[PDB]
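Labels below follow one simple rule: chain letters A, B, ... track the order of the sequence lines, proteins then strands, and each chain is numbered from 1.
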There are 2 protein chains.
Amino acid sequence: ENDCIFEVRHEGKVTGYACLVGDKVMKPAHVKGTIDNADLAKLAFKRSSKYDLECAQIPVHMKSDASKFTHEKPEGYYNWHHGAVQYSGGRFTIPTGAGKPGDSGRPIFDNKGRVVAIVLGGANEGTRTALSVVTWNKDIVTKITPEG
Amino acid sequence: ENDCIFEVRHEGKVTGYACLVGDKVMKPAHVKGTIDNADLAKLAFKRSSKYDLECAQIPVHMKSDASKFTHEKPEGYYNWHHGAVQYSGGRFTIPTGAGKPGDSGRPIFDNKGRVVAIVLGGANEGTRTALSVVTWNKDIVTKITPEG
């Protein structure tokens with residue numbers, strides 16, 4: 001279920017990942033290069049003026065490839081490319097050394113395959129890396145749409 | 001699932017409902033009067049300059065009363081105070097005449113008890129009322145928070 005993750009490439013090297021989630025193509029703003037997909041490379045991205053993120057509207061023909069997301073993040077273990085991610089005290093952590101070059105933009109999933117966060121970075125805390133992420137909290141309740 | 005709904009009252013009449021959802025107390029802006037709850041009545045509400053809605057930050061001691069919400073709205077039937085609400089073609093509808101005075105601000109729930117919309121109003125379509133609602137779509141993906 002990684003029809004929603006696309007490599008970003010600069011000088012023929014993977015610098016990071018773009019992710020189809022909800023109705024957006026999301027990519028960390030610091031990740032240099034262009035997305036390894038014709039359709040996505042053409043898009044105009046809007047860079048957040050607060051957060052290390054840029055997003056473009058998903059092409060409607062690729063909506064079925066987008067992953068679902070959720071703000072529901074109960075404490076416990078989550079999934080990513082390199083194995084288990086612990087969520088505890090409002091922080092995602094991994095074993096130090098589980099990380100690899102090019103992890104910026106990789107999503108973290110629950111067992112239903114919903115994206116709960118996107119990895120931007122990390123910092124060492126002893127035998128663990130604390131991931132720097134973007135995530136969705138209860139405050140997404142403010143982004144309402146009127147229907148009817 | 002009614003610990004999160006509070007009457008709004010003006011000159012001794014219920015004009016509508018306020019709803020605890022996510023981390024917000026939500027109320028339609030058109031509903032006059034004050035919430036029948038001391039804690040909520042004291043709060044400062046921010047009125048949306050586009051939508052018929054105002055919201056205040058939930059008091060932390062009442063967070064356990066807030067309903068969960070979701071943007072996931074598959075087609076079919078949902079729950080509200082007056083019975084079944086059909087969701088179909090992006091519109092919530094009810095039997096004409098299911099509505100009662102003071103329905104502004106009532107939530108619509110799925111069977112897991114998550115709020116999928118808040119009722120603002122309605123218009124007639126034959127033997128049905130098409131509800132005017134606020135709801136959460138996939139575009140809530142843009143309201144990210146950095147953690148770590």
Side-chain angles (χ1 to χ4, degrees), chain A residues 22-23 138-148, chain B residues 1-2 4-11 13-36 40 43 45-56 58 66-143:
Chain A
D23 71 326
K138 288 169 177 66
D139 69 318
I140 70 177
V141 78
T142 60
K143 193 130 196 276
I144 52 149
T145 316
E147 286 190 350
Chain B
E1 63 286 282
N2 307 99
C4 64
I5 295 144
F6 296 80
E7 291 176 358
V8 187
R9 294 170 81 81
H10 189 48
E11 51 94 87
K13 191 200 176 168
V14 176
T15 55
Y17 292 87
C19 192
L20 303 187
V21 60
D23 72 326
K24 294 298 184 289
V25 191
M26 275 184 162
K27 196 203 85 172
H30 83 259
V31 163
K32 270 185 279 210
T34 65
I35 297 171
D36 187 50
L40 303 179
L43 301 177
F45 283 74
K46 177 51 193 162
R47 178 171 146 277
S48 167
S49 64
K50 26 203 79 154
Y51 309 126
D52 175 42
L53 206 78
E54 57 178 24
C55 60
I58 194 167
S67 52
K68 297 187 298 162
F69 66 105
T70 180
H71 69 274
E72 298 278 353
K73 294 183 279 301
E75 290 199 339
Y77 286 107
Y78 290 82
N79 305 277
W80 83 322
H81 186 65
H82 304 302
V85 188
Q86 185 183 15
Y87 189 59
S88 173
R91 283 271 230 57
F92 292 95
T93 69
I94 54 167
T96 193
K100 296 290 173 279
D103 280 341
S104 297
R106 286 193 189 280
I108 302 166
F109 299 87
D110 69 18
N111 294 351
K112 297 85 235 167
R114 300 171 297 167
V115 174
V116 295
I118 310 297
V119 179
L120 300 182
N124 179 253
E125 298 202 322
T127 62
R128 300 211 57 111
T129 309
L131 297 185
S132 187
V133 307
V134 291
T135 198
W136 301 277
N137 293 332
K138 284 166 210 223
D139 69 318
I140 70 175
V141 77
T142 61
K143 193 131 192 278

Are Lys143(A) and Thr142(B) packed together at the side-chain level, in the sense that at least one heavy-atom pair is separated by less than 4.5 angstrom?
yes
Under 3.5 Å, side chain of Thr129(B) to main-chain N/O of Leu131(B), donor-acceptor pair present?
no
I want to check something: taking the side chain as every heavy atom from C-beta on, are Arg9(B) and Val14(B) in contact at a cut-off of under 4.5 Å?
yes
Verify side-chain contact (heavy atoms from CB on, under 4.5 Å) between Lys138(A) and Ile58(B), making sure each step is shown before the conclusion.
CA-CA 11 Å; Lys138(A) 288 169 177 66; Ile58(B) 194 167; over 6 Å; no
Separation between CD of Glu147(A) and OG of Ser132(B), rounded to the nearest 0.5 Å:
10.0 Å
Which residue pairs pass the salt bridge (charged side-chain N to carboxylate O under 4.0 Å, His left out) test when at least one of the two sits in residues 16-31 of chain B, sequence neighbours left out?
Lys27(B)-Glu54(B)
So how far is it from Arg47(B) CZ to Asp52(B) CG, rounded to the nearest 0.5 Å?
8.5 Å
Side-chain donor-acceptor pairs under 3.5 Å in residues 97-121 of chain B, sequence neighbours left out?
unit_1, atom_1, unit_2, atom_2, d
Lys100(B), NZ, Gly97(B), O, 3.1
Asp103(B), OD1, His82(B), NE2, 2.6
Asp103(B), OD1, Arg106(B), NE, 2.9
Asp103(B), OD2, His82(B), NE2, 3.3
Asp103(B), OD2, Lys100(B), N, 2.8
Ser104(B), OG, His30(B), NE2, 3.0
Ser104(B), OG, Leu120(B), O, 3.2
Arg106(B), NH2, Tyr17(B), OH, 3.1
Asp110(B), OD1, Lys112(B), N, 3.0
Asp110(B), OD1, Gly113(B), N, 3.1
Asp110(B), OD1, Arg114(B), N, 2.9
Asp110(B), OD2, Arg114(B), NE, 3.0
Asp110(B), OD2, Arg114(B), NH2, 3.0
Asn111(B), OD1, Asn79(B), ND2, 2.9

Does anything in residues 71-81 of chain B form a salt bridge (charged side-chain N to carboxylate O under 4.0 Å, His left out)? List the pairs, not counting sequence neighbours.
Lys68(A)-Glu72(B)
I'd like to know if the side chain of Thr15(B) and the backbone of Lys32(B) have a donor-acceptor N/O pair within less than 3.5 Å.
yes
Looking at every heavy atom in both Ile140(A) and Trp136(B), which two are closest together, and how far apart are they?
O-CD1, 4.0 Å
Let me confirm one number: the CG-SG distance from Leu43(B) to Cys55(B), rounded to the nearest 0.5 Å.
11.0 Å
Minimum-distance pair of heavy atoms, taken over all atoms of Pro95(B) and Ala84(B)
CD-O, 4.2 Å
What are the two closest non-hydrogen atoms of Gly76(B) and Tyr78(B), and how far apart are they?
O-CD1, 3.9 Å
Any side-chain heavy atom of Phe45(B) sitting closer than 4.5 Å to one from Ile35(B)?
yes
Considering all heavy atoms of both residues, which atom of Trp80(B) and which atom of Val85(B) are nearest to each other, and what is their separation?
CD1-CG2, 3.3 Å
